[PDB]
Amino acid sequence: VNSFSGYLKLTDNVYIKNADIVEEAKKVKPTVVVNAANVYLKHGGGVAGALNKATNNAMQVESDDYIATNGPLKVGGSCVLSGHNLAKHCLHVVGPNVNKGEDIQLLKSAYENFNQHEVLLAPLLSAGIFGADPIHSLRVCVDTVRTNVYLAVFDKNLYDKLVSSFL
Ligand SMILES: c1nc(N2CCCC3(CC3)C2)c2cc[nH]c2n1
């Protein structure tokens with residue numbers, strides 16, 4: 001049994017809700033919240049900008065030290081950093097950004113990072129400002145992630161389309 005409330009069950013392991021990932025994080029304090037990161041961990045906008053704002057920029061300060069030591073992530077890759085006031089840990093995952101011309105086949109590699117964590121609160125990778133079709137992102141999620149994932153979708157409108165169209 002876990003804390004997550006109000007989710008629709010899509011499969012054995014994937015759940016979905018109309019929620020902003022941050023408010024949900026603040027309420028649940030999950031072990032892992034996933035960030036929709038870029039390779040530079042520059043949390044300017046989208047989910048990343050919202051998560052970082054909710055940490056009062058502490059996520060960005062920590063991320064800048066990570067990059068100064070380790071250099072950029074790979075597209076499709078991830079790192080585990082603090083969850084600050086939102087979660088125990090933040091899994092920063094880099095989905096391909098279609099608005100930079102990155103290969104959408106890297107979306108499966110991105111979701112494979114979730115399998116290293118038994119339970120996660122996450123957004124749909126590569127959606128919003130990364131330009132991918134969220135219906136496609138949900139399909140790759142369901143077909144890739146085997147651990148228990150609670151997806152938060154940032155719009156009542158879109159949420160309803162993902163559910164209605166789910167096979
Ligand atoms: C969950 N998902 C979010 N995304 C923003 C737009 C598109 C998206 C697919 C649903 C991802 C955000 C943004 C801020 N807070 C969020 N929580």
Side-chain angles (χ1 to χ4, degrees), residues 2-11 14-26 28-60 63 73 75-76 78 81 83-100 102 104 106-111 113-114 117 119-145 147-166:
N2 67 52
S3 167
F4 287 105
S5 175
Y7 288 71
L8 175 68
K9 182 171 181 56
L10 294 175
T11 69
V14 177
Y15 294 80
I16 194 165
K17 185 185 179 177
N18 163 29
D20 173 351
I21 189 143
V22 190
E23 279 292 304
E24 191 77 2
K26 279 198 291 185
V28 176
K29 289 292 233 87
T31 304
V32 181
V33 64
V34 174
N35 181 33
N38 60 53
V39 295
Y40 306 109
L41 301 179
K42 288 173 54 97
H43 308 304
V47 166
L51 290 170
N52 175 58
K53 178 178 179 184
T55 76
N56 180 44
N57 210 52
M59 177 181 284
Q60 190 65 66
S63 292
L73 300 177
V75 179
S78 71
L81 290 172
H84 300 277
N85 55 314
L86 304 179
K88 187 174 195 290
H89 306 285
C90 179
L91 181 69
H92 293 273
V93 180
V94 184
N97 188 330
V98 175
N99 305 316
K100 304 178 174 175
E102 299 168 348
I104 196 60
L106 287 169
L107 186 55
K108 187 172 185 75
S109 301
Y111 274 115
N113 297 286
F114 290 24
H117 302 278
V119 183
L120 315 87
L121 171 61
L124 287 166
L125 298 190
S126 287
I129 66 174
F130 289 57
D133 174 6
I135 294 174
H136 176 65
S137 183
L138 178 57
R139 183 27 65 188
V140 178
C141 181
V142 161
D143 292 345
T144 306
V145 180
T147 57
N148 290 326
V149 57
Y150 288 86
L151 294 169
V153 175
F154 192 65
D155 194 56
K156 177 39 175 174
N157 179 299
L158 158 63
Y159 172 84
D160 287 347
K161 181 170 143 129
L162 285 167
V163 169
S164 290
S165 60
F166 184 69

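For the numbers below, each heavy atom of this structure counts, side chains included, while hydrogens, waters and symmetry mates do not. Count residues from 1 along the sequence. Atoms within each ligand, like the ligands themselves, are counted from 1 in listed order.
A donor-acceptor contact closer than 3.5 angstrom links the side chains of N57 and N52. Residues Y7 and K17 bring no donor and acceptor atom of their side chains to less than 3.5 Å of each other.
Heavy-atom proximity to atom 15 (N) of ligand 1, evaluated over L151, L138, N18, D20, is greatest for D20. Nearest-residue assignment for atom 17 (N) of ligand 1 (options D155, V34, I21; heavy-atom criterion): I21.
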Is there a side chain to side chain donor-acceptor pair (under 3.5 Å) between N2 and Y150? Walk through the geometry before answering.
CA-CA 11 Å; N2 67 52; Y150 288 86; 2.9 Å; yes

Yes or no on side chain to side chain donor-acceptor pair (under 3.5 Å) for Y40 and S63, after CA distance, side-chain angles and deciding distance?
CA-CA 8 Å; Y40 306 109; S63 292; over 6 Å; no

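Of all protein heavy atoms, the one lying nearest to atom 6 (C) of ligand 1 is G128 CA, 4.0 Å. Nearest protein heavy-atom contact of atom 10 (C) of ligand 1 is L158 CD2, 3.6 Å. In this structure, atom 8 (C) of ligand 1 lies nearest to the protein heavy atom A127 CB, 3.8 Å. At the top of the distance list for atom 4 (N) of ligand 1, counting protein heavy atoms only, stands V47 CG2, 3.3 Å. Considering only non-hydrogen protein atoms, atom 14 (C) of ligand 1 sits nearest to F154 CD1, 3.5 Å.
Residue contact annotation: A152 has a non-hydrogen atom under 4.0 Å from ligand 1.
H117 has its ring centre no less than 6.0 Å from the ring centre of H89.
For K53, the NZ atom sits in a loose shell: 12 or fewer heavy atoms of surrounding residues, nucleotides or ligands are nearer than 6.0 Å. No more than 12 heavy atoms of other residues, nucleotides or ligands shown are found within 6.0 angstrom of CG on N56.
Contact annotation: for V22 versus ligand 1, there are no heavy atoms closer than 4.0 Å.
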